[PDB]
Each structure stands twice: as structure tokens, then as C-alpha cells.
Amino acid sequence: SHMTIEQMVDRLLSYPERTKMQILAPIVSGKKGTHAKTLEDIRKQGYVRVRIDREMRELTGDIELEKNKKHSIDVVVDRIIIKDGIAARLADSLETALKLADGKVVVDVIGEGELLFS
């Protein structure tokens, strides 16, 4: 239910060394609208990479979404590899994503599936 950051970090640390992961903030899930204001704020906050409708796209690419169609937008906060000393970085990146997406974070494990924490 309500995981601590320690619990989240320790779960990711249970993966083998060299495991690649992307830490995502699921800011919009299955919602209609252009989401122009959202994309603007995230660009203004200095983020680079987003996943919009399952396409990895860059911010400041002039992104326009159809208003009357549902969209999902994930901010790609970090792209990490499990290795010695990553603990603090995992914590920080997880925290950043949780703040962005109002207490949810998605971890995409490359070669495996996704983990949802909250």
C-alpha cells in the first residue's frame, strides 16, 4: 500500500547487477485533452524525455496532441543501471518522480516488465 522510499529502493536493489531501469512519473493516464499546459510546465522544469502514447519523445519538439483523444504521458526522470552505490540516486530519482505524479512512480525494467509503487 503506502511504501517507504527505503522499501522502494531495496526492491530495485534486489535485481541483478547490470539491470537497466527507467524511473517514470506517470503524470497523465488515459485522459483526454491536448495537455498543452502540462507539457509546457514539464519543459519549463527542465525535463528532456517523455513517453507520450507509448512513443518516446523529446520536449521542445513542438508536441501537439488531439484534444478529443485519450493520452498517457510519463516523464522519464532517470535511466539507471543497478550497480555499487546507486542507493542514494535511486532514492532521489524515485522521490522526484513521486512529487511529479502525486505519489505514484513507475519503474520500467528493461527486458522485464514494469513495477508500480505508491
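Numbering starts at 1 and follows the sequence shown.
- Averaged over CA atoms, B-factors in the entry run higher in 52-60 than in the other of 52-60 and 26-34.
- Comparing 79-87 with 36-44, the stretch with the higher mean C-alpha B-factor in the PDB entry is 36-44.
- In this PDB entry, residue 93 carries a Cα temperature factor that places it within the lowest third of its chain's modelled residues.
- Ranked by Cα temperature factor within the chain, residue 7 sits in the lowest third according to the deposited record.
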